[PDB]
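Structure, as structure tokens:
Computed from heavy atoms alone, side chains included, the values below leave out hydrogens, waters and symmetry copies. A, B, ... follow the sequence lines: proteins, then strands. Residue 1 opens every chain.
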Amino acid sequence: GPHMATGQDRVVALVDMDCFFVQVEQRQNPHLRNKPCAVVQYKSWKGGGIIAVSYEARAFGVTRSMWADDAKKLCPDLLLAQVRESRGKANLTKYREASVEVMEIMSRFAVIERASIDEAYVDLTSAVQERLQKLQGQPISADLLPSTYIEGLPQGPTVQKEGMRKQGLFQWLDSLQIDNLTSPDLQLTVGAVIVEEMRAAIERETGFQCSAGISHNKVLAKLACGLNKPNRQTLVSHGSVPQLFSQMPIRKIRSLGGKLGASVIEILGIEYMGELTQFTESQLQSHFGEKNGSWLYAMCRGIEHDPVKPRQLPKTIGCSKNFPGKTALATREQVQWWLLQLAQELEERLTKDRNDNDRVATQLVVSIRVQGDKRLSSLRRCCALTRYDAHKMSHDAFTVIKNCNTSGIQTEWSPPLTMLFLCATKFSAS
DNA sequence: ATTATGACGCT
DNA sequence: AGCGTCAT
Ligand SMILES: Nc1nc2c(ncn2[C@H]2C[C@H](O)[C@@H](COP(=O)(O)NP(=O)(O)OP(=O)(O)O)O2)c(=O)[nH]1
Ligand SMILES: [Mg+2]
Ligand SMILES: [Mg+2]
């Protein structure tokens, strides 16, 4: 009753760039704009592997993870941009720099948590309180929400998508009690006004379009963001959760798309997030552990407490390359040369990071995969990172991995290596 | 031969 | 510390 917390204390937004790498390439090359196009890494094997797809190309069935040759079968006029190659490997610098452009704009409005190269959470609670004081009980005009959808509306008592959007928005705004400065629905609405402004700023100052979700916590904001992509934002209220979750496959919620989500489905004999409400917190904890159980009990009611962390910069800086099938590294000279290539890219990125961000990494993590292992990493070993020198980093990585070499011969490497990975971690202020 | 990352939980 | 999971 009156003591049952409803998880309506915060206003949280999730901003995700639409087809990011594609937009970066379309800004640089206007010939790619408003066209079916995709971004690929490498080229020789099946035309390269697609990692980003414009919405025009998605209409033909083009997806991430698809080989470009296969994509061309679905979309013969598909245009392709290739990721830059440096020191024999894909180099993603252009997209990391474009990311910084966007994240610095977002940081003007509120503290953000960088969740990936193209998305960030925003805690708008305080900004919303400020705007509400400025409004002075003035109603919110639909003109202030020109790209906002209200999930679950319209309802009750009409052909085109924009007319649907506007009808739902008008139903929402008509039911708003702008008198109450602590109404959660009002707070969400003001949050959506601020996010319209943030997205306008991003597009004006970078040329990039994005989508966004506005809700009371990170998981609902993330889910909302995907409901109306591209170039739109969606508000998911606390009240919309029962209907939304009643037909929501468990796998659609962040964290449940893998083995745990499959176990929830299999053990409980359910399919949708809303079915979880029928179990007690102790029941869920008994199946999925104390932490997962409490999280599921709250999440199926729309409640989640994970804070937006004040963290605009990545916590690690890493360099990885796969060596599939017959390109695996089977000599010591090979392994040394590629450790050096990775280490040289890492040195360049670390030196730039130190100059920009006033910090130094102190730990080097070396991960490898050996032929036959189906795991991402076969082995992971750390050593100290005391100088930004690629030859030293690569020599140290070799020293910590050289005992994996089964070959009695000194020149050969067996079993051959199918992946190398260097990761700088444990940053300190400098 | 699905690649290149990044975050975070467990023990 | 080293390994596993999840995202994409
Ligand atoms: N290297 C690499 N980059 C990837 C991979 N997957 C994604 N990226 C890169 C390329 C992506 O552009 C970028 C952002 O990932 P999203 O937000 O998941 N996809 P997007 O922004 O394209 O479309 P949407 O409009 O649906 O949000 O991350 C991968 O497997 N490998
Ligand atoms: Mg995106
Ligand atoms: Mg994203």
Side-chain angles (χ1 to χ4, degrees), chain A residues 14 16-26 29 32 35-86 88-96 98-99 115-119 208-211 222-223 225-227 229-230 249-262 265 314 316 318-328 342 367-378 417-421 423:
Chain A
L14 183 269
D16 181 92
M17 308 306 298
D18 301 329
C19 54
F20 191 48
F21 289 22
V22 167
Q23 285 202 87
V24 174
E25 299 294 333
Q26 285 176 324
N29 179 0
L32 302 179
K35 295 269 182 172
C37 63
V39 170
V40 293
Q41 59 199 357
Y42 304 119
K43 199 95 217 174
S44 299
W45 183 270
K46 296 175 176 286
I50 288 174
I51 57 171
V53 187
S54 81
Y55 281 81
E56 294 82 347
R58 302 180 182 195
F60 292 85
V62 182
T63 69
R64 98 173 247 287
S65 308
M66 192 173 275
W67 296 115
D69 288 345
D70 293 331
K72 272 282 193 189
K73 304 176 186 163
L74 296 176
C75 183
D77 298 314
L78 179 67
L79 303 178
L80 299 175
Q82 330 180 225
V83 175
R84 152 177 207 180
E85 283 170 71
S86 304
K89 69 179 291 295
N91 180 291
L92 307 172
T93 299
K94 190 197 300 181
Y95 316 104
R96 292 193 182 95
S99 182
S116 83
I117 201 163
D118 93 309
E119 79 211 61
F208 302 145
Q209 287 178 358
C210 58
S211 298
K222 174 61 172 180
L223 186 63
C225 182
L227 291 180
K229 268 201 160 255
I250 284 161
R251 71 182 173 270
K252 304 289 187 179
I253 270 54
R254 204 177 84 238
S255 92
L256 301 180
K259 286 193 187 150
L260 176 63
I265 289 167
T316 59
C319 291
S320 171
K321 185 170 173 47
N322 287 0
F323 301 98
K326 202 167 163 300
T327 78
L342 282 183
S367 180
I368 66 200
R369 179 153 181 221
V370 317
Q371 205 152 57
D373 199 338
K374 202 214 73 175
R375 304 177 296 172
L376 202 182
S377 164
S378 296
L417 300 186
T418 54
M419 171 267 314
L420 298 178
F421 189 3
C423 186

Rounding to 0.5 Å, atoms CD1 (A/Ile50) and OG1 (A/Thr63) come to a distance of 7.0 Å
On a heavy-atom basis, the closest approach of A/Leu74 and A/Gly61 is CD1-O, 3.4 Å
Of all heavy-atom pairs linking A/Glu56 and A/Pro36, the shortest is CB-N, 3.7 Å
Item to complete: Kindly say whether A/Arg375 contributes a backbone atom to a donor-acceptor pair with the side chain of A/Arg369 at under 3.5 angstrom?
Response: yes
Practice prompt. Answer yes or no: is there a donor N or O on one side and an acceptor on the other, between the side chain of A/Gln41 and the main chain of A/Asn91, under 3.5 Å?
Written response: no
Practice item. Would you indicate whether A/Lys35, at its atom NZ, is surrounded by more than 12 heavy atoms from other residues, nucleotides or ligands within a distance under 6.0 Å? Key: no
Q. Any sub-3.5 Å donor-acceptor pair from A/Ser99's side-chain atoms to A/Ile117's backbone N or O?
A. yes
Between A/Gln82 and A/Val40, is there a side-chain heavy-atom distance shorter than 4.5 Å?
yes
Are A/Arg96 and A/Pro314 packed together at the side-chain level, in the sense that at least one heavy-atom pair is separated by less than 4.5 angstrom?
no
In this structure, OH of A/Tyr42 is separated from CD of A/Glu85 (nearest 0.5 Å) by 6.0 Å
- request: Answer yes or no: does atom NZ of A/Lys252 have more than 12 heavy-atom neighbours from other residues, nucleotides or ligands under 6.0 Å?
  value: no
Across all chains, not counting sequence neighbours, the salt bridge (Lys or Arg N to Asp or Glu O under 4.0 Å) partners of A/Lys73 are A/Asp70
Notebook entry, point to check: Around atom NZ of A/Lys46, are there more than 12 heavy atoms of other residues, nucleotides or ligands at under 6.0 Å?
Noted result: no
Value for OG (A/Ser377) from CD1 (A/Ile368), rounded to nearest 0.5 Å, stands at 7.5 Å
**OP:** State whether the side chain of A/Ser320 and the backbone N or O of A/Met419 hold a donor-acceptor pair below 3.5 Å, judged by distance alone.
**Re:** no
message: Check whether A/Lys229 reaches the backbone of A/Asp16 with its side chain - one donor and one acceptor, N or O, closer than 3.5 Å.
response: yes
Nearest heavy-atom contact between A/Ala52 and A/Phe21 is CB-CB, 4.0 Å
Minimal heavy-atom distance between A/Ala98 and A/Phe20, with the atoms involved, is CB-CZ, 3.7 Å
**OP:** Under the side chain to side chain contact (heavy atoms under 4.5 Å, CB included) rule, what do A/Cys19 and A/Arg58 come out as? Steps first, then yes or no, please.
**Re:** CA-CA 10 Å; A/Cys19 54; A/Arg58 302 180 182 195; 4.2 Å; yes
- request: Could you tell me whether the side chain of A/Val24 reaches within less than 4.5 Å of the side chain of A/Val39, counting heavy atoms only?
  value: no
Rounding to 0.5 Å, atoms CD (A/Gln26) and CZ (A/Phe208) come to a distance of 10.0 Å
| Heavy-atom donor-acceptor pair, A/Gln209 side chain to A/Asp18 backbone, under 3.5 Å | no
What one should report as the nearest heavy-atom pair of A/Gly325 and A/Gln371 is O-NE2, 3.0 Å
*asked:* Is the shortest side-chain heavy-atom distance between A/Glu25 and A/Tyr95 below 4.5 Å?
replied: yes
Value for CD1 (A/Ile265) from CG (A/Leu260), rounded to nearest 0.5 Å, stands at 10.0 Å
Here the pair of heavy atoms bringing A/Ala57 nearest to A/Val53 is CB-CG1, 3.5 Å
Report task. Check whether any side-chain N or O of A/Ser378 sits under 3.5 Å from a backbone N or O of A/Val370 as a donor-acceptor pair, and report yes or no. Result -> yes
Heavy atoms, side chains only, cut-off 4.5 Å: are A/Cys37 and A/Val22 in contact?
-> yes
Rounding to 0.5 Å, atoms CZ (A/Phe60) and CG (A/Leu78) come to a distance of 9.0 Å
Item checked: Side chain A/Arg84, main chain A/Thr93, donor-acceptor under 3.5 Å -> no
